[PDB]
Amino acid sequence: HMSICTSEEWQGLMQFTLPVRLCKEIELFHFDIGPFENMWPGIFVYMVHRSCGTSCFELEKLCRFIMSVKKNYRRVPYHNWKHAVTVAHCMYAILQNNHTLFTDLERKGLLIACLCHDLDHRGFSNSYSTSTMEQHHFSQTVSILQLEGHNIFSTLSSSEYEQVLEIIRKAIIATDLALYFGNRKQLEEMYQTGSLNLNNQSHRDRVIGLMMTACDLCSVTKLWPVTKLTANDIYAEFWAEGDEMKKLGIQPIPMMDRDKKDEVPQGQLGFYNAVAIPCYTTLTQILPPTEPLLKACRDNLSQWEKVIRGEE
Ligand SMILES: Cn1cc(-c2ccc(=O)n(C)c2)c(COc2ccc(-c3cccc4c3ncn4C)cc2)n1
Ligand SMILES: [Mg+2]
Ligand SMILES: [Zn+2]
């Protein structure tokens with residue numbers, strides 16, 4: 001277990017250059033990687049390069065690492081390689097727009113953590129100690145790092161190496177949405193009381209934790225026709241899970257039931273109000289430059305309202 005890339009795959013990636021007409025596009029929060037499948041591993045290399053230059057990773061081990069990650073994502077409609085890269089791009093925009101808050105270690109850890117955060121997702125929920133899927137996705141990240149010529153951190157001291165693995169573990173654990181409700185609440189209080197202090201490691205962990213939810217949910221921050229299409233992918237998976245439950249004579253909850261299709265826009269609306277809006281509001285409060293994520297979220301919420309009210 002742990003599949004690996006071929007030499008053709010890592011060498012082809014080493015040779016890629018992003019077309020000039022995307023370089024301004026890719027800096028924008030709402031950028032959609034969607035139309036550029038061929039370029040996705042290339043796009044990740046690019047973002048690593050912009051954010052730490054052409055000498056932050058041995059370029060060969062880097063391309064090998066990315067191409068093996070890709071081969072350990074499965075061909076599922078939503079929790080796949082497309083979503084890893086989408087989440088990593090959101091993290092890239094955040095780090096670029098907040099350039100001096102984060103250490104060099106943090107920047108490398110979090111881009112890698114984002115690409116690996118759904119490693120070997122099967123297309124079924126946590127429901128079908130806790131943070132099950134996530135402890136596992138971290139486990140798989142550890143295994144790839146450990147292979148052959150795939151250790152991109154080899155050139156760190158053992159003190160830095162232990163540091164970056166622990167950035168990664170906490171980051172991927174933070175992508176379990178059950179834990180997001182409490183982290184956010186904690187952050188909301190600290191901000192209120194004025195007690196938030198980025199010199200404090202456990203405060204940094206929390207902020208980073210929120211940053212991982214915001215990236216993980218970022219398909220709600222793209223332009224309306226892209227968010228709409230992604231929502232179809234999320235449903236392809238949820239309904240396939242609901243179909244497997246009916247196969248056993250089990251009644252799935254409404255969200256996994258394709259017979260409950262007309263209650264889609266209502267469902268979307270509640271999620272936006274209950275999860276997405278508070279997430280990007282607390283983020284915007286701590287990191288003002290992330291404000292365009294909130295704005296794009298608000299715009300998509302009002303699209304969903306108009307669907308419900310019957311006008312699009
Ligand atoms: C980008 N993105 C990730 C996610 C996401 C991430 C983590 C997570 O745990 N969930 C559930 C979703 C989303 C929102 O997706 C949604 C899916 C279904 C609903 C829904 C709720 C209730 C009844 C419903 C619903 N749909 C049909 N009916 C009848 C809402 C939102 N967008
Ligand atoms: Mg996940
Ligand atoms: Zn995810």
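Think of each number as a place in line: the chain as shown, counted from 1.
According to its header, this structure was worked out by X-ray crystallography, 2.0 Å.
Cβ coordinates are placed from backbone N, Cα and C, and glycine is handled just like the others.
Listed features, source Swiss-Prot:
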type: BINDING; residues: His79, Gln268; note: 3',5'-cyclic GMP binding site
type: ACT_SITE; residues: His79; note: active site, proton donor
type: BINDING; residues: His83, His117, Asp118, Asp216; note: divalent metal cation 1 binding site
type: BINDING; residues: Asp118; note: divalent metal cation 2 binding site
Considering only the binding-site residues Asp118, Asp216, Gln268, which possess a Cβ situated under 6 angstroms from at least one atom of ligand 3?
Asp118, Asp216
CB neighbours of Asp216 (divalent metal cation 1 binding site) within 10 A?
22
Binding-site residues compared (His83, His117) - highest count of Cβ atoms within 10 Å:
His117
Determine the Cβ neighbour count for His79 (3',5'-cyclic GMP binding site): the number of other Cβ atoms within 10 Å of its Cβ.
24
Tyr128 and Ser129 flank 12 unmodelled residues; Cα separation in Å?
15
For the binding-site residues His79, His83, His117, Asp118, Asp216, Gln268, which sit with their CB under 6 angstroms from an atom of ligand 1?
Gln268
Under 6 Å from ligand 2 by C-beta, which of these binding-site residues make it: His79, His83, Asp216, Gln268? Sequence order, please.
none
Students should find that the Cβ of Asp118 (divalent metal cation 1 binding site) has, within 10 Å, a number of other Cβ atoms equal to 24
Within 10 angstroms of the C-beta of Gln268 (3',5'-cyclic GMP binding site), the count of other C-beta atoms across all shown chains comes to 22
Under a three-state DSSP reduction, the secondary structure at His117 (divalent metal cation 1 binding site) is coil
Quick one: which residues besides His83, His117, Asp118, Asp216 have a Cβ within 8 Å of the divalent metal cation 1 site's Cβ centroid, in sequence order?
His79, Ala84, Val87, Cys114, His121, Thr175, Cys215
